[PDB]
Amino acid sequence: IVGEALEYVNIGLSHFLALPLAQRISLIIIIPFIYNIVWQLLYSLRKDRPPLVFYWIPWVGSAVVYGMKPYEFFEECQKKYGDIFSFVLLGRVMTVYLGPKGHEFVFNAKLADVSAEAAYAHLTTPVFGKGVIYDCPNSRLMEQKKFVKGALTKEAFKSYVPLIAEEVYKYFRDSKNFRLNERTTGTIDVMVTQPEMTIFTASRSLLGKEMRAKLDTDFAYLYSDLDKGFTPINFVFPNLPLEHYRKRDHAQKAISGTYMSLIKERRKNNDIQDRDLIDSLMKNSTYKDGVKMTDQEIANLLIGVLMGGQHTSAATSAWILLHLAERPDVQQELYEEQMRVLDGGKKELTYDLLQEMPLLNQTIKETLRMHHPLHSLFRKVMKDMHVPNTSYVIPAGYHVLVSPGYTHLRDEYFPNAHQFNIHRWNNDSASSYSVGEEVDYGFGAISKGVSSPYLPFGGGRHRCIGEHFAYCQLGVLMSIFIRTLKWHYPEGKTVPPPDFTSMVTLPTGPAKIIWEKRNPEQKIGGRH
């Protein structure tokens, strides 16, 4: 008789349901925690799965450790388990593939194996709007990137350079952080100054003078609100009945409206030229199946590209200034190059002259190596993936995580990886370099191999299309900083650690530098 025993199963369940509320609430915690521990131990005998990082708290997983310092988490995991390992993150299973073969396994994954929009849609769509980037099929994204890249040409960069330089000189003249006509030395926070310079220069060149002029009004409040909405909290809390979210949503509606007003006002007056990205998106924003982007999708794609280039470029800027601020030898070297290429300052900065400043371009290159703005890129795995040369299978529903920024800081690929050395790039000062065969996913010919250990702009179909614009912008910025100012740290200060819980790996604030004018009596002309 085990019928007697199955009777006691029923009896035992009734006694459980009659336990005090003190013991049942403690059991609604103990039973998940123990089953979590038993499951992991049985999962560790699966030979068709990467090793899984142990963790106590269910659902949360390695969240805290990974979120606070992810490169140190990866290196500990890499020493324990090798280059392929999985870890649980706020409900998901993330399979990291570290190193250049992980660049290949993720960035070059078949379109049917992995989805970037499935990983990112809740991150970006609430900020940018609907129908663009990750709120549309991949084929739509590929052509959207063709549209934007069609405004990012050599000829456009030759007109952006004097526009960007004008904004920098105006910032030095008019901003309270400088006032170079009035002050010859001062202290700035680079996390204050660089996001401002970045949007001022990005607005003026990409969006035009009307949109730039709007940031001198109360309208700048809306960019701030929108900017605050650009956060990784959206991964788990995209829309909450909270106040930050309404200012964010209001700002998205208000900013896309301004852009549409200009779009419809320029099409009504047929004022459609070749000035800015707006004119280009107006002239060239029809998919190859003949559907035209709407005015609203055009404005949402403007917010996406402006927001993305905003955070990457302003963090990089801030990092270039923070590193140079303890390197007066590099400032000095960079300044000699300015004097040589620009005839002691008697030549006007041009896009062409920027391409003859290899040390300045190497400084950007070296900063992006040490401070890759994106420490982790995700795809959601759609179909079961076999990891080559292993017995590993990554089942559907997993995420794959690739981290070229980790590889940038490994000694085995960059000698003395943790030293800032622009001369590691002597005779290799180009933003990036397709080391062979190319391929086109819809937005131009890019590198087919993505095995490079330096991948600041990723690779494959989801590869950045902003790299030439960002060099142009940073190039002009830094060329004017160098020529105008020396700068250094307050006493006993140094490079800050990155913020990895943020949207980009920007420096922990406040990060102050002291500036002094090279020519205290030089004045900046124009009215204010």
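Rigid core: the largest C-alpha set superposing within 1.5 Å between the two forms. The first residue of the shown sequence is 1; numbering continues from there.
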query: Greater root mean square CA deviation, 235-243 compared with 286-294 in 5 other deposited structures of this protein, core aligned; finding: 235-243
query: In 5 other deposited structures of this protein, rigid core aligned: more displaced of 502-510 and 10-18 by C-alpha RMS; finding: 10-18
query: Entry-level comparison of average CA B-factors, 421-429 and 262-270, reporting the higher stretch; finding: 262-270
query: Comparing 193-201 with 243-251, the one whose average Cα B-factor in the PDB entry is higher; finding: 243-251
query: Out of 188, 142, 364, 387, residue topping the C-alpha B-factor column of the entry; finding: 387
query: Highest recorded Cα temperature factor - choice among 341, 435, 305, 330; finding: 435
query: Among modelled residues of the same chain, the CA temperature factor third for residue 229; finding: highest
query: Ranked against its chain, the third holding the CA B-factor of residue 493; finding: middle
query: Third of the chain's Cα B-factor distribution that residue 288 belongs to, per the entry; finding: highest
query: Assigned third (lowest, middle, highest) for the C-alpha B factor of residue 91; finding: highest
query: Third of the chain, ranked by Cα B-factor, where residue 220 sits; finding: highest
